Every structure is written in structure tokens, then in C-alpha cells.
Participant: 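Before I ask anything, let me first share the structure, which is written out below as C-alpha cells.
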Amino acid sequence: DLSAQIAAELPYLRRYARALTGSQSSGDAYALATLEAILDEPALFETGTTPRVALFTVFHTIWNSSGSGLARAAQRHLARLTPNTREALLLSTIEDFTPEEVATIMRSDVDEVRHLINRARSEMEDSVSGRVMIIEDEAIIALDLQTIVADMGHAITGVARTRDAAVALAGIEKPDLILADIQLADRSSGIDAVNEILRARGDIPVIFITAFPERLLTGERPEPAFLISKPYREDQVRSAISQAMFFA
Amino acid sequence: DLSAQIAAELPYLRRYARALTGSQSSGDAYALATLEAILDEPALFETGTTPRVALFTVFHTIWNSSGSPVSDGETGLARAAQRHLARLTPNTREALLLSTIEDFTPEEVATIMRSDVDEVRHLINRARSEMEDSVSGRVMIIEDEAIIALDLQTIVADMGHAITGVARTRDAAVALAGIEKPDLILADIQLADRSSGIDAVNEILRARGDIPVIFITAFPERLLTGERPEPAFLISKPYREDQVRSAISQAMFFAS
Amino acid sequence: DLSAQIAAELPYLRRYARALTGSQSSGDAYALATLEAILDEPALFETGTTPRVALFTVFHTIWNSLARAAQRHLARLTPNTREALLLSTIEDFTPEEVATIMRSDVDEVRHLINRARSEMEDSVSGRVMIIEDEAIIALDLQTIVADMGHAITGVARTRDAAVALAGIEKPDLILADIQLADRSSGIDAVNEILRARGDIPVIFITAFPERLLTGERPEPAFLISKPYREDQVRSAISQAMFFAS
Ligand SMILES: [Mg+2]
Ligand SMILES: [Mg+2]
Ligand SMILES: [Mg+2]
Ligand code: NA
Ligand code: NA
Ligand code: NA
Ligand code: NA
């Protein structure tokens, strides 16, 4: 049933729009506007592609149209990016669309998609080095994330395996970015650890890395702006880190 | 990466030059004259300072000099604010705008103006003094986000100006300007009914003549390209109170 | 009508062949030879591909049938590498399009394109005067030239200023826009500079490249089209540098 197929894909649309905007409120609003457009003008929903691709195609139309807070530092960083490059990269990595599917969604051809992705990775080489804190109780995961962070040119403030170790580490050195698992070693939650750090140290971008990200993509309650799945591919971690970094 | 860094900063050099001149025309001409001076004399660029600071340091040398921009048209102040040139202390408006709207620290403003941090602080103190010598005007606020509109009103009132009212739609804005002519307009782009604050401003400008307009918007970079008609005065969202105060005083100099 | 479709692609074949040879006279002759071949031997022309693709395919077939120190370096370049690069960058052909044109596989096209991009790192830094009247464009061209490893002798924005700057430092390569700030022409500036300091390779930057590809009057050997991609400016400056000295 197409109603049920669209409903199943809405969480991922929220994931994508939240990553583009850095915000749950903006991302969830763009995802909702996409569904509204499809209900108001059903002819917008291409039936010759998969519902997932058709849904994201409509979202990219709304995304391109002027319309619908953000730090002025983030606004300056984002303003220097080549248009449509971050969209093509995120669609290709975190959303795992093939290059032809990406060309469909952005109403382009596959060779321009390849250029946009290549331009995305070029501008990622000019980015400044930041400091990243990792909240993760599985030591092999933490070590793997450290390797990815380092090869991106970033520094690690440290690894925290419990909420309390995380609140303590953030007090020693305010990170530029937090990578956060949910269930920690002492059965405390990375969600609480993050909330406590942010109350104390101000807004810092946070990427939650979790199995079943769908449970944080409902739109019904406060939820993260950046979500990577477990298991993860390295390309998805690099895209999320570079994306969240724009929001300092 | 100096070339890339200088080009990234050119939009902000336009913002600054436009505020000082009162016109997109002369401001864009002054910012492009700054870049043309660096390409002509690369040694003009200080590598010992950030590209942003070095760019603005070159701009201030040109601004202060007896010379004028060799541009496609005519460069200059704005005629309206010529009468205030006799009452204002040199380098005070420059120091205030650089340290507020342009977000330079007083040490970076000292470098830019080839001065010391203490002279810059006194220049900023003398700018705020001469702001008390300014007469009260009437400000119209076009803005649909009510909390921002309220906040803007508290700043305007705290500076001693009156507020004609707040309009949240293009239709409310054309009515408001007809009820009471404003000396200055603060305008957002996307209004409550999705109508356009640019369109609203143009309509007011037709009926009442030239009134200084300050556009308040996120991503001001999209109005700082010099590739199309664009505002002379731009405040960012989010803003700091000191930036709103520096933009309201600056634009008031160009009022009737 | 396939005759008109072929005619409309001739200017771009002249661009390609001129850049490969470094000379208007040779590039225009190679482009005409390609049309002549198709008229003489209609079998050469494949109707299953786009008329632009089929025309470049016939030219590559024909393509395969100065200064000793400059020839000594150009001889170290791997065969078919410059062609695959220029076809993919300035000619905006897709990898599969280039593979058809060279009667190769898209696999080999990337092997070639990579080898060419790697052999560009073995290039010598060179002086590059930029005659652009739009400062924003000049800054961006200075970025690509500097990243490639070349110096910038200067940036001029008027005919008289470019002629003056040529007197201070003889460039090895001139990037020249057609219409300058004082309504002067970069063509006249380039001609006056070359008349004085001798022959120097020139890459003309221009919106409207087709009106410089007629073959009916003296025209540039190398042309970058506004707007441009960095890969295009990089393929045009590497190609043109082969003819510097
Ligand atoms: Mg865990
Ligand atoms: Mg608004
Ligand atoms: Mg021009
Ligand atoms: Na669709
Ligand atoms: Na982008
Ligand atoms: Na997300
Ligand atoms: Na020639």
C-alpha cells in the first residue's frame, strides 16, 4: 500500500532535512511540508520510482524553493559552500541513495551528481580542525571512531563511557562536537549526558550514533538533529561529522 | 589560500562600505576598489594578520585617503548625510561599525585603522556620545516574528526614538506607513502571510520618497553579492543589541 | 536535418583541435579535414550516437593517422592522455562519451585521465599575467593558477594597464578576457604585448566562445568559456603551458 510505504519513509526524510538544517524543528517542518505537498498535489509523487525516491524528490523541490536561530558563525561557514554539494553528498552517504537515484531526486543527471559529490569532498579538505568528544562505552567502537575523527584532521578531547565521565570530561575541555552513543557502560544514557553537558556548556553540535535511529525520528518529542546508525559505514560518519561541524 | 579567503570576505566588505556611504552603489564600488588595490599591489596585503583583517585594513587606507574609487560610475557619500559631516568626529562611525556590525575586536579595529586599542575605545565612546546629540526620529518595524519585533522595539525605544508601529504583512506595512511617515524602516524579507518585505518597502518608497531602510535577515550574504539591486543597510539575525544600535544610528544620518 | 546538426558542431571541433595543436591554423584545418572525411566516406559517420559525439569520433580517427627543449618535455607525456582530459573537461564530454570518441572503454578513459592529471604534477612553475576586468573573476583565476603551482606576474584590468604590466615582467602565459573595464579589448592588448615582447601563449576567457570559432578570421588557439569549471581552467592552462618558452 502506497500510504503505508510513504509513512515508513518519513523518518528518514526527517533525518535528511534535520542534517541539512542542523535543527529538529526545521528538519521536522520541511519533512511535514513535503507530505502536505503530496497530499495537496498528488501529481507531484512520481509513481515510476520507488516511494522513497519519489518522496525525497518532492522534498528537494520544496528545499529549492525560497521560504522557511542559526548561529551567525554557522551562517558564514555555510554561505561559503557550493550549492547542492552537501545535499548530493548526504543523499549518497547517510541516505544511501545510488548516484542515479540522487540524480532523480535532484532532477539532474548522474554526471552532475558526480561533480557535486567531488566538489563536496574538495571543500571538506579546506575545513578547519576541531575538537571532538566521544561518548561510547564499547571500547572497540570508541577506538574505531577515534581513527575516523583523526584521519579527518580533528582532535579527540577524550572518550567517556558513562554519563558521569562525560559530564566530567566536558568540564575539562569544552568540545566543538560530541559523538554520542545512547546506552552507556553503567546503564546511564548518552541522551541525559548530552542534555547535562549542553545545559552547562552551551550549545554544541551532537551526533547520536545508535542502532534503530527510527526511534529518534518520530517528530513527536525532542529528538537529535544529527543521527548516524549502528552499524555505520565510515563514509556516513565523515559526512555527519563534516555536516555537524558547520554548526560549531 | 589567501585568494580564496579574500573573496569569501568581499560580501562583508560590501556591507561595511555600504553602511558608511549609505548606498549599494558607492559601497560596492568602494569594496571592489579595495580588491583592485590588492591585485594591483599585492604587497598591500598583510600576511601577519587574518585575511579578513588585512582586507579591511587596505579598505580603511583607501577610505581615509584623499583619493576616490575609480569606478564604472560615481562614488561618494550620499548628499543626505553631508550635513552631519561637520558635527561628527572623524573615525568614530568607522570604529563603531567595525567593532559591532562587523564583529572585529578593538585590537583588530586598531590594526585596521593603524591605531592602538585605546584610541579605538575612545573613538567608540565619542560615537556613542554624539549619538545622544542626535534628534529623535520615528521608526517603522516590518517583521512577522513577534518576539523579534518586540525586541527591536525595546532597542529603538531605549535609544530615544519613537516606534510608529509593527507591521507583520505587506498590507499592514503599506497602511502603517500611510498612517504615519517613518524616518527609518527596519524590514524583514519573508512576512507572516508569506508576502515580501522588499515589495512592501518599495511601495512605501514610492509614496513617501527616499527613507533609509535597514533589512534584518539571516544569511545577509545573499543580499551582499553586488550582482543585483540590494539594500544599503543590513543587520543579521541573530543579532546583538549593539549591532542594531549601530545600524539604526548609521541609517538615521541618511534620513531627511 | 543531420547536415545542419553537423554544421552546428564544427566550432567546438575547432576548439578541441586548436587546443591539441596550439595553433588556429592547424586546429581549423583538422576540423575541416574531419568534415571532408565524412563527406568523402559517409561510412565513417556513426548515426547511432549524437552528431557531436560522431563528429569527434571521426576526428580522433584522423588525429591518429616547437623549440627542441619544449618538444623534449612534451615527449615525456603518455599518449592519448591530453586528449581524454580535454575531451572530459573543456569539451564537457562524459566518460562514456569520451570512450566512444576514442573507441576505448570508460575504464581506459579514466586510466588515461588519471595518468594525465598525475603528469601535470611534473610541470614547472611559470609566470602568468591575468588580464580580467572583473576583480572577482581575477581573484578566482589567481586561486587556480597558484594551486597549479604557477606565479601571477600581475593582474591588469585595461588595455593600457596590461601593456604597462607586460613591460615590468614578461609573462610566460597570458589569460585574457575579451571586453575590459575601459571598453578596451583584450585582443588588442594581447596583440600589442606580443608585438613587443614576442610570441607568448594566450588563453582567451569569453562568454560567447562560438563567435571566436568561425575559422573565418584570426582567432584564439585556446579559449575558456564563461562560466567555467575549475577543471576547464586547469586543462586549458596545462595545455597552453606546453607551448610556453
Ligand atoms: Mg553503548
Ligand atoms: Mg519573517
Ligand atoms: Mg569583461
Ligand atoms: Na516524486
Ligand atoms: Na550544498
Ligand atoms: Na539527521
Ligand atoms: Na594560433
Side-chain angles (χ1 to χ4, degrees), chain A residues 10-28 30-31 59-60 63-64 66-69 74 77-96 102 106 108 112-113 115-124 127 179-180 205-210 213-219 223-229 232 236-237 239-244 246-247, chain B residues 141-149 152 166-170 172-173 186-201 215-219 235 237-238:
Chain A
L10 283 187
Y12 313 116
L13 189 55
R14 288 184 190 103
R15 179 177 63 202
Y16 177 52
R18 286 170 182 180
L20 283 171
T21 62
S23 177
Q24 198 217 345
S25 59
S26 304
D28 285 349
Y30 264 108
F59 164 72
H60 192 69
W63 183 245
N64 266 125
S66 85
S68 307
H77 206 339
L78 286 158
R80 311 185 307 231
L81 296 181
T82 305
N84 291 306
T85 57
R86 298 305 300 185
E87 294 86 351
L89 176 70
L90 299 174
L91 283 168
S92 299
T93 54
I94 294 164
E95 293 316 315
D96 196 18
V102 172
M106 324 182 44
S108 211
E112 217 215 326
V113 170
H115 288 310
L116 287 164
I117 291 165
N118 290 319
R119 172 58 58 64
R121 303 213 218 258
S122 265
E123 294 206 316
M124 275 175 77
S127 96
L179 300 193
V206 180
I207 301 157
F208 278 86
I209 305 156
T210 183
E214 294 89 346
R215 284 129 154 60
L216 293 177
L217 289 165
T218 72
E223 283 168 331
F226 299 104
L227 273 158
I228 281 305
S229 348
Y232 54 76
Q236 310 186 316
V237 184
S239 285
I241 287 167
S242 52
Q243 191 72 13
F246 300 131
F247 302 90
Chain B
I141 292 160
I142 311 169
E143 164 73 70
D144 63 303
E145 290 184 73
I147 288 146
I148 301 180
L152 289 172
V166 169
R168 303 173 62 254
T169 50
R170 191 236 90 203
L186 316 181
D188 178 44
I189 312 285
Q190 168 195 138
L191 298 190
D193 55 350
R194 284 137 290 191
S195 71
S196 150
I198 299 166
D199 288 345
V201 164
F215 273 91
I216 307 197
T217 187
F219 289 105
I235 280 308
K237 294 206 233 170

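Numbering of ligands and ligand atoms starts at 1, following listing order. Order of the sequence lines sets the chain letters (A, B, ...), proteins ahead of strands, with each chain counted from 1.
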Participant: For A/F247 and A/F226, take the angle between the two ring planes, folded into 0 to 90°, and tell me which bin it lands in: parallel under 30, tilted 30 to 60, perpendicular over 60.
Facilitator: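 The rings of A/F247 and A/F226 sit tilted, inter-plane angle from 30° to 60°.
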
Participant: Please check if the side chain of A/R14 supplies one atom and the backbone of A/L217 the other of a donor-acceptor pair under 3.5 Å.
Facilitator: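 Yes, the answer is positive, given that a donor and an acceptor are paired below the 3.5 Å cut-off.
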
Participant: At a threshold of 2.8 Å, where the distance has to be below it, does the Mg ion (ligand 2) have an N, O or S atom of B/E145 nearby?
Facilitator: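 It does not; every qualifying atom lies at 2.8 Å or beyond.
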
Participant: Quick check: are there more than 12 heavy atoms from other residues, nucleotides or ligands sitting under 6.0 Å from CZ of B/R170?
Facilitator: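 Atom CZ in B/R170 is packed in, count exceeds 12.
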
Participant: Below 4.0 angstrom, N of the basic side chain to O of the carboxylate: do A/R18 and A/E223 qualify?
Facilitator: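 Yes, A/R18 and A/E223 are salt-bridged.
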
Participant: At less than 2.8 Å, would any N/O/S atom of B/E143, backbone or side chain, sit next to the Mg ion (ligand 2)?
Facilitator: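 Of the N, O and S atoms in B/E143, none lies under 2.8 Å from the Mg ion (ligand 2), which means no.
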
Participant: Check whether any N, O or S atom of A/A225 sits under 3.0 Å from the Na ion (ligand 6).
Facilitator: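 It does: A/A225 brings an N, O or S atom closer than 3.0 Å to the Na ion (ligand 6).
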
Participant: Do A/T93 and A/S239 get their side chains close enough for a donor-acceptor pair, meaning under 3.5 Å?
Facilitator: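 Judged by distance alone, the side chains do pair up.
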
Participant: Taking the N/O/S atoms of A/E87 one by one, which is nearest to the Na ion (ligand 5)?
Facilitator: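 Closest to the Na ion (ligand 5) among those atoms: OE1.
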
Participant: Can an N, O or S atom be found in A/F226 less than 3.0 Å away from the Na ion (ligand 6)?
Facilitator: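 Of the N, O and S atoms in A/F226, none lies under 3.0 Å from the Na ion (ligand 6), which means no.
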
Participant: To the nearest 10°, what's the angle at the Mg ion (ligand 2) between atoms OD1 (B/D144) and OD2 (B/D188)?
Facilitator: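 Vertex at the Mg ion (ligand 2): approximately 90°.
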
